[PDB]
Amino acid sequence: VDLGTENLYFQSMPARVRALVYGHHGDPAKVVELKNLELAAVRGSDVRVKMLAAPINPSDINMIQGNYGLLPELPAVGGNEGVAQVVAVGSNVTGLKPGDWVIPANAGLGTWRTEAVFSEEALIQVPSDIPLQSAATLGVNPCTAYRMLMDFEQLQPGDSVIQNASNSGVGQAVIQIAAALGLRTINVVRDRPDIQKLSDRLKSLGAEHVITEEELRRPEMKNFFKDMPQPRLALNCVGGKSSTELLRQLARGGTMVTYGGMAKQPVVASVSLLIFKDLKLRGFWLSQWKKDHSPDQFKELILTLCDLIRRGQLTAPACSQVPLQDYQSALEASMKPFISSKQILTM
């Protein structure tokens, strides 16, 4: 599989099954091993799929480390996100057919492998006319972005939204989806030499303002809201003082939604802000959303996002294609504090 192909057809002739498996929780670099697996049987309502591409995401890493809200039984296959082609279907399957592309209906499936047999209900069909890189990353980051923009505060064109980790996959999707919604984004990024290039890139995605964490926390920020309404929504993935400074920007009655961060960097909320500004703090967990909603509700979200991708309104972040056998370097790269390219395992 060549991740960047414009020829979205692939051969699926028989080959050995290989998977990235971990038998203990721990450092992904140490616990994840490439293994051969036996050919599994396709029961009545099962389908056999051939994995095309699967990103390495923070949640994949946290799961392997054992610091996540869902922990598949061990030994487990790594990876929660990816796109696969249906290659065979059980005798009772009528809703998927060979050649269909599918992504997992929820977390926990184990996507870092060449092929697998899954229950039909564990999968969602996705359109096969979108770039592979987009299909591979469709089910997590832009879904999280869309849900947080829709589910917490009622926003209309010209309203503002503030976020941190703006250059992350979710942050870049927030920028693009907010732009399509007519929202005005204030996008906080970590301080970095050569901030200009990053700012230009995020503005090319539709970002209205791009400011560093240092700019966020300095007195001049108090004057930021001439020509710009205060946001009623703040999206956080950083915690600590950064999360407190995001809170400080919210309009009275606003909500800050936390969708990621580190253990030992909790979110910090001043008493004055909670009480006198009546701010709200919430979390968002996409996997719980998927559990709580129908497969059809997830599919509807997917289709909405695909409409955006076809129009060039939702483009994937920079990616590096890595053959499954070269996973070790990809895992190492994915655990750095500054990742320049999303690592995407191909087979």
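Residue numbers here begin at 1 and follow the sequence given.
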Next item on the list: On mean C-alpha B-factor from the PDB entry, just flag whether 195 to 203 or 82 to 90 is the higher one.
Entry: 195 to 203
Notebook entry, point to check: On average, which has the higher Cα B-factor in the deposited entry, 51 to 59 or 27 to 35?
Noted result: 27 to 35
Next item on the list: Specify which of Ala333, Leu20, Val17, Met13 carries the largest Cα B factor in the deposited PDB entry.
Entry: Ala333
Notebook entry, point to check: Between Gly182, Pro104, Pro98, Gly95, where does the Cα B-factor run highest in the record?
Noted result: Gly95
Checklist line | Ranked against its chain, the third holding the CA B-factor of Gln313 | finding: lowest
Margin query: Could you place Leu305 in the lowest, middle or highest third of its chain by Cα temperature factor, using the values in the record?
Written below: lowest
Item checked: Among modelled residues of the same chain, the CA temperature factor third for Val42 -> highest
Next item on the list: For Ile130, return the chain-relative third of its C-alpha B-factor as stated in the PDB record: lowest, middle or highest.
Entry: highest
Next item on the list: Grab the CA temperature factor for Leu286 from the record and place it in the lowest, middle or highest third of its chain.
Entry: lowest
